[PDB]
Amino acid sequence: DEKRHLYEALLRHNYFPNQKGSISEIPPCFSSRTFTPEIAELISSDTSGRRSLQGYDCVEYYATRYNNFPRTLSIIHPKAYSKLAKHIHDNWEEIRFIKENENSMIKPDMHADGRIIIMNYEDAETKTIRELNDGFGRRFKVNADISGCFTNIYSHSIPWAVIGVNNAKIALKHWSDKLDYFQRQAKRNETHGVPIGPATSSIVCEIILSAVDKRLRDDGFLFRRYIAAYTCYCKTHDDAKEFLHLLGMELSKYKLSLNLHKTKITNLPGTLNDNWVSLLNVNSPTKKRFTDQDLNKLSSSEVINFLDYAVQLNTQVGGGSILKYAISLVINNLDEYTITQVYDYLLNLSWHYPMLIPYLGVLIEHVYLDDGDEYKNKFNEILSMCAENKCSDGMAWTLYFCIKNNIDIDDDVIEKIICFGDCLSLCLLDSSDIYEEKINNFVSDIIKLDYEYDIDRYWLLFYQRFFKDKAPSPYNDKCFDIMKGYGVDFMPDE
Amino acid sequence: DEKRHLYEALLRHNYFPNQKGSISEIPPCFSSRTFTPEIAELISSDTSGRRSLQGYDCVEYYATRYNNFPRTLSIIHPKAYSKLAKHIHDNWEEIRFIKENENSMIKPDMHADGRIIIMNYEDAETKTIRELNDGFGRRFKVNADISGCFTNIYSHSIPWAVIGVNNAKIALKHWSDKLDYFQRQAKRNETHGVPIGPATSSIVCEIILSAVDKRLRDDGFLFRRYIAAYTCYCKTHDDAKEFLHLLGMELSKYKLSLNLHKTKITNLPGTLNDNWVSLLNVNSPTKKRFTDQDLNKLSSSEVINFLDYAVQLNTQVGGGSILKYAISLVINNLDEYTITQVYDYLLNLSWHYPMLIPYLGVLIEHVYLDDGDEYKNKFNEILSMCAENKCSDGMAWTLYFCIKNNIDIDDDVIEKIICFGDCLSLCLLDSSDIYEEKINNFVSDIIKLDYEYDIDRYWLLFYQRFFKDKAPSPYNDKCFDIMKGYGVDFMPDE
Amino acid sequence: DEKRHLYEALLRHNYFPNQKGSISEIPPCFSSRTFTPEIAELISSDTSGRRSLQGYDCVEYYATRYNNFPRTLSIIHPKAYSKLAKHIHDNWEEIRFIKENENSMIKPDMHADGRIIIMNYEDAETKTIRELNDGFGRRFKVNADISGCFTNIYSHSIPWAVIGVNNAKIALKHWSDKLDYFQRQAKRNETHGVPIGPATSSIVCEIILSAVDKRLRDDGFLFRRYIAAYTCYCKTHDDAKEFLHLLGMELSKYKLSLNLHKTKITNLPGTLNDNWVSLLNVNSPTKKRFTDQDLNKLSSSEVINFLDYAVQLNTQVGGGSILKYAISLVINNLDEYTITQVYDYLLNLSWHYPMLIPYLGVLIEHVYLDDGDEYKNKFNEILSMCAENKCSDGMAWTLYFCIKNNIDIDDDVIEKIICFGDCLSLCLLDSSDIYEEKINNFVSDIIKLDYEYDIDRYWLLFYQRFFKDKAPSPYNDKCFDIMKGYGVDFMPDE
């Protein structure tokens, strides 16, 4: 069924931040499968325990963007998440109108892997045909962005999108009001904001933005939405300015607004992709597939020169993720002579740009890591940099490389891994079991605070220790106990 | 013979604007062959009829350049053209000194197809060797342009070029005076200007500019002429400024002048082609021929990315016809998977740039045009745009595609095709025979004016209707009758 | 042995300016082998003759850089050079500490060909791995240059580097003091400067700069030296400014200084090579080797378009030797159809850029030089340009092409070859033997001056005439006689 596929997707696949489909933002050690929908029903049914704080906090995760900026992905506390996912499942026949929207490019969809939200998933041919087809006969292309979107979505506006603003205000139960309550329970009983990364917040965002899409559609606008980005194709500048006005009205009705540093009108014909994308692909040494693998295999100077050219292009343009695109272009066709050179270049690029650390997972088997302890000092210097810059995805990926490849990790860099206080980093140090006593000091400092929001901020670490019998639950409810009795592990093996 | 080849070329091949050798400016439905030299002799011999207006007007044709600018090509009225071509033929032993000029790159020449004027015809190897050989040892490259050339060539200066200015002024018969008269009869008995596109005006321009070439040659200048463009190679800046001075004097003697927005001195070594040409060819995915066709066949992403890069390069440089060069680079090596994608990209580019419409004639058989009437609305939206922008070559090419592929054409776009009043468009609508009555209203409005110049502006439409027996001749002379009796058709089949 | 290999290298291989390893700065007609170490010992042992001038002058050679700037390479007078080379040989166990330095990239080393100093010699893979390895984890890259280095190295500071500044000042014999004296005797008994091109001056420069390298090393700086260029990799800007301060102190202690027009701090990650290098290599049509030679063979338009793109890139960037790199990329894979076109393009580029003349030695066999005397006028027009611009390497290479290919050379260009007064040019005219009498006038004007420094400036011409029995020695010492008796020829055959 599609209800069952959504129920699997909300918990087994898209609970953790898993929207990016090329490389994940979270290392593959952390997996949310075995958190089955029946365990979510049992958690929702459980009513024990008393909480002194309204709502639940989230395990935080600062992922690095192309400009090294942090984006705070969140792992919802699972007692607050099981109710939210179960509510979205039970109400799916009244929610699936977001699937029938045609202006939302990334939306819930029955993906084969098990997910429902995968950004940048559709193939290049259809994307090109759509871009030309919608750019047919038009003069201007308007790009608009919602300012926060994740930051300031109003949860009380979830019924406003569903049955209208004034009908919902008069009505103040209906399914969308309980959805608003359950979404609020996900993040500290707070009206504004949604945790970034779970598909439940993507569904909540799609529900609110589908009314905006409906009103923009009914006024005859050619437009597409990519999460919070609206692209409009306009025969004249009348359409260009009036779409911006109508989008501003429709967002302001649901308390949202437009990012005016991201608004720009560009005369068609522009570029189907961004300009740096075609600059890289035109100069890519892999741009032609030769149908024989020896020809497809690249040389040392070819890959290195393309990587230098990508570095200059990112310094000179910087409009997008130039390094990640360029590295994905050359990463899978490396010859054995290249692997050490491109590996060290990736070490250089991963230090300077910590979002490039996941690509280091491709080469680690082919590179002989023992060497003369060069890579040993490299990964620790990266770990120190990720501790310094407060970057969670680079820290977690580097620690996944350190435990998976058994490379030792220094004490002084751990002094800042423990002091940074990223939860997912501390779960990796927790799964190592060598640093049991520095982990114990941190969790004891959390418990001695007697602040439930800090325990909810480190719920993944606390649950991993409780499931590994190294600690008891810090909660008086049965949620951790129902998780552990059924075998829920958020750091599972194969 | 060469006299006979010129006589064929003036009427069968280069009567209509046919100078461009890669893609024609006029669709292949309009062909000037079967207008044989014997029919031209019979037209010249005929002396019947009375005309109230001095001279004849021309069928006008606004072709689109690389910057979307119109250039008004002209189809000379054939009673005024037969006399001109016959006069140039009879006097060819006194005209062929323009063929012996060595500084005129495009000039009358015995081409194999049947033409005598083909711009951009010589191969790249000789052009490169000439450019290096003439750039041997020199410091500066001067580029100069005649301002109007076609716009303000003085017809009375045709004998001035032939026998000298003062000798011709004292002489005021010689063959060049009758050539001046016959050239004036081509365009409304007007002294200034030549109809752009016939080879007779190219011969007239070469006759006048050969004296300029002779004087510049005798003063020891290394220079080449491309229609109205002079390139000079200079050992110092003394040569650079003095060539500009002498060219200004020699043009001002024959009443011409220099385009001073097109004058520029560039220090050698510059670029053999223009800079965007090498930028495209260096980045072209077809730049290396592999001697096997599967390797020569291109992929989807390769062609699309090169086309986006060409769009950015034209937006960023714009110095030449970047899109046409880039499309000619990739057009003939398309794989079957590409054809729909590159076709839609060409639809996007043809709408924005109407000179790119002729390339749509390459792909139309390989594209299944029935579809879901998408291409049906595309070609009509292009037709509306060409009606709006007053672009004749895009209109004529799109109509040639519409009749040849049998795709239907809307009434409201025809409301502006009839209102634009391009003659060659109305001959396509005339050959369709569905819109017989809107054509009849236009020609009746022309005839009711009783202005012979408007009848001469639509002589091709009037002759096509008269030859198809749908209308009588609007002329009291026998020229149309001698044309029709011998079977002259300007819209012939095979 | 390594002492013997150095002794061979100082005289047989690196006496003449031979540091560049791709194409030499001096044509292959001039070779310093057969000037064996035993002849150097016999010259050093000889004590006859009286000289009225202190020291010896050098045969001068203005080589053209990438910006057409002259660099004055010098061929040391061999009586002053044999003593210097023999002194460096005898003291090699006290000099070889410059070989153990790890921050000097170009230094004495046992090369296979016979040299000890070859700049730009190490392979690209190690250079890339070193550049990434030293750029590991750092924020800034400091580039610094010694201002003159060759121009103002203080010879009295040779013992200052060897045993310390104050110890050497108090000591005022030790081996480094006699090295300072012998280095002074090389150039006119002058304290400042070293003749550029002999390896003895490279050894003298390495001796002085190794103390700077030692002090910079002991203060924990990651830095590399390329002759006179220091590159430093810095974790912060504290290291960046403090390295510049310490390098300025260490150079000022040995009387040197920093080129402050060549000092710049660039945030890593920059470019491993320069930016134009990756721009050329990414756009190079030879960037992928196909393992079959027909595929590796290039077409006409491909090479010509890459050469035009290189010309624009050098006009637009100009940061390095863009033309020489681009030509070396395509020079060895030319197809037979290309050779004439790329040859004429190289003629164009050699005229405008005289450092590109040596590449003309690759193509001269494949090009049929007889033709219609086109290349005959080309090489003479180049010879006139090299005479005009006072460029010695272009003159010498063009004359090597003229004598080797037997192409005639005009009298009026020889009027300026004789008037320029480059010594190596006059040795080529001397070896031709046709122009025996214009050579005789020049050497008689030199001898009538009775200035020993001019005779030392043309010692190579004087020795070549004396060894060819066309003239007697202009020296009262036996050095020329011991050279000729053992068969020393500086223009030898095979």
# chains A, B, ... in the order shown; residues from 1 in each chain; ligands from 1
>>> residues_around(residues="residue 447 in chain B", least_positions_apart="4", cutoff="12 Å", atoms="only C-alpha atoms", output="NGL selection string")
:B and (440-443 or 451-459 or 462 or 471-475)
>>> write_last_selection(atoms="C-alpha atoms", output="tab-separated table (two decimals), in the first residue's frame")
chain	number	residue	atom	x	y	z
B	440	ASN	CA	-7.37	38.72	-52.02
B	441	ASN	CA	-8.23	41.52	-49.59
B	442	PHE	CA	-4.55	42.48	-49.30
B	443	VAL	CA	-3.88	42.49	-53.04
B	451	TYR	CA	0.52	53.17	-56.50
B	452	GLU	CA	2.87	51.22	-58.76
B	453	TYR	CA	5.57	51.10	-56.08
B	454	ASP	CA	3.37	48.99	-53.78
B	455	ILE	CA	2.63	46.64	-56.68
B	456	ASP	CA	6.39	46.44	-57.21
B	457	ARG	CA	6.83	45.79	-53.48
B	458	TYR	CA	4.49	42.79	-53.83
B	459	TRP	CA	5.43	41.79	-57.40
B	462	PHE	CA	1.22	39.25	-57.71
B	471	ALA	CA	-5.48	36.65	-60.47
B	472	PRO	CA	-4.61	38.70	-63.58
B	473	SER	CA	-1.44	40.73	-64.00
B	474	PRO	CA	-1.50	44.20	-62.39
B	475	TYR	CA	0.88	45.50	-65.09
>>> interface_residues(of="chain B", to="chain A", cutoff="7 Å", atoms="only C-alpha atoms", output="list in words")
residues 283, 295, 302, 305, 306, 308, 309, 341, 344, 345, 348, 351 and 352 of chain B
>>> select_by_dssp(residues="range 217-276 of chain B", states="helix (DSSP H, G or I)", output="list in words")
residues 217, 218, 237, 238, 239, 240, 241, 242, 243, 244, 245, 246, 247, 248, 249, 250, 251, 252, 253, 275 and 276 of chain B
>>> atom_distance(atom1="CA of residue 100 in chain C", atom2="CA of residue 223 in chain C")
15.6 Å
>>> residues_around(residues="residue 122 in chain B", least_positions_apart="6", cutoff="12 Å", atoms="only C-alpha atoms", output="list in words")
residues 21, 22, 105, 106, 107, 109, 111, 128, 129 and 130 of chain B
>>> residues_around(residues="range 366-368 of chain B", least_positions_apart="4", cutoff="12 Å", atoms="only C-alpha atoms", output="NGL selection string")
:B and (334-344 or 360-362 or 372-376 or 405 or 407)
>>> closest_residue(among="B:194, B:163, B:369, B:260", to="residue 72 in chain B", atoms="only C-alpha atoms")
B:194
>>> closest_residue(among="C:88, C:426, C:165, C:382", to="residue 4 in chain C", atoms="only C-alpha atoms")
C:88
>>> atom_distance(atom1="CA of residue 43 in chain B", atom2="CA of residue 90 in chain B")
15.3 Å
>>> residues_around(residues="range 408-417 of chain A", least_positions_apart="3", cutoff="8 Å", atoms="only C-alpha atoms", output="NGL selection string")
:A and (376 or 380 or 383-384 or 387-388 or 402 or 420-422 or 425-426)
>>> residues_around(residues="residue 395 in chain B", least_positions_apart="2", cutoff="6 Å", atoms="only C-alpha atoms", output="list in words")
residues 383, 386, 392, 393, 397 and 398 of chain B
>>> decode(residues="range 146-162 of chain A", atoms="N, CA, C and O atoms", output="compact mmCIF listing (two decimals), in the first residue's frame")
# COMPACT_ATOMS: atom_id res chain seq x y z
N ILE A 146 11.47 31.69 0.02
CA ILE A 146 10.93 31.95 1.35
C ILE A 146 12.10 32.18 2.30
O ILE A 146 13.12 31.47 2.23
N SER A 147 11.98 33.19 3.17
CA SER A 147 13.12 33.66 3.94
C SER A 147 13.64 32.60 4.90
O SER A 147 14.80 32.17 4.79
N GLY A 148 12.83 32.18 5.86
CA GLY A 148 13.24 31.11 6.74
C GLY A 148 12.73 29.76 6.30
O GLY A 148 13.50 28.80 6.22
N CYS A 149 11.42 29.68 6.05
CA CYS A 149 10.69 28.48 5.66
C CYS A 149 10.75 27.44 6.77
O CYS A 149 9.76 27.21 7.46
N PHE A 150 11.91 26.81 6.95
CA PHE A 150 12.08 25.91 8.09
C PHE A 150 12.11 26.69 9.40
O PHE A 150 11.65 26.21 10.43
N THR A 151 12.68 27.90 9.37
CA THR A 151 12.90 28.66 10.59
C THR A 151 11.59 29.21 11.16
O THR A 151 11.37 29.16 12.37
N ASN A 152 10.71 29.72 10.30
CA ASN A 152 9.52 30.42 10.78
C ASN A 152 8.23 29.95 10.11
O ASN A 152 7.36 30.77 9.84
N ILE A 153 8.08 28.65 9.85
CA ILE A 153 6.76 28.14 9.50
C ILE A 153 5.90 28.17 10.76
O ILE A 153 6.35 27.78 11.84
N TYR A 154 4.70 28.72 10.63
CA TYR A 154 3.80 28.85 11.75
C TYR A 154 2.95 27.59 11.84
O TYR A 154 2.23 27.25 10.90
N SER A 155 3.05 26.88 12.97
CA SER A 155 2.37 25.60 13.10
C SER A 155 0.86 25.78 13.19
O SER A 155 0.10 24.96 12.66
N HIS A 156 0.41 26.87 13.81
CA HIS A 156 -1.01 27.17 13.89
C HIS A 156 -1.63 27.43 12.53
O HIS A 156 -2.86 27.41 12.40
N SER A 157 -0.81 27.69 11.51
CA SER A 157 -1.25 27.88 10.15
C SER A 157 -1.39 26.57 9.38
O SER A 157 -1.71 26.61 8.19
N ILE A 158 -1.12 25.44 10.01
CA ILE A 158 -1.38 24.14 9.38
C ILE A 158 -2.88 23.94 9.12
O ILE A 158 -3.23 23.55 8.00
N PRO A 159 -3.81 24.20 10.07
CA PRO A 159 -5.23 24.18 9.66
C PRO A 159 -5.61 25.31 8.72
O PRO A 159 -6.52 25.13 7.90
N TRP A 160 -4.92 26.46 8.79
CA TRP A 160 -5.21 27.57 7.88
C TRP A 160 -4.98 27.17 6.43
O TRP A 160 -5.72 27.60 5.54
N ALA A 161 -3.95 26.37 6.18
CA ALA A 161 -3.75 25.85 4.83
C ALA A 161 -4.79 24.80 4.48
O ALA A 161 -5.17 24.66 3.31
N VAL A 162 -5.27 24.05 5.47
CA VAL A 162 -6.06 22.86 5.16
C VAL A 162 -7.51 23.24 4.86
O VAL A 162 -8.09 22.77 3.87
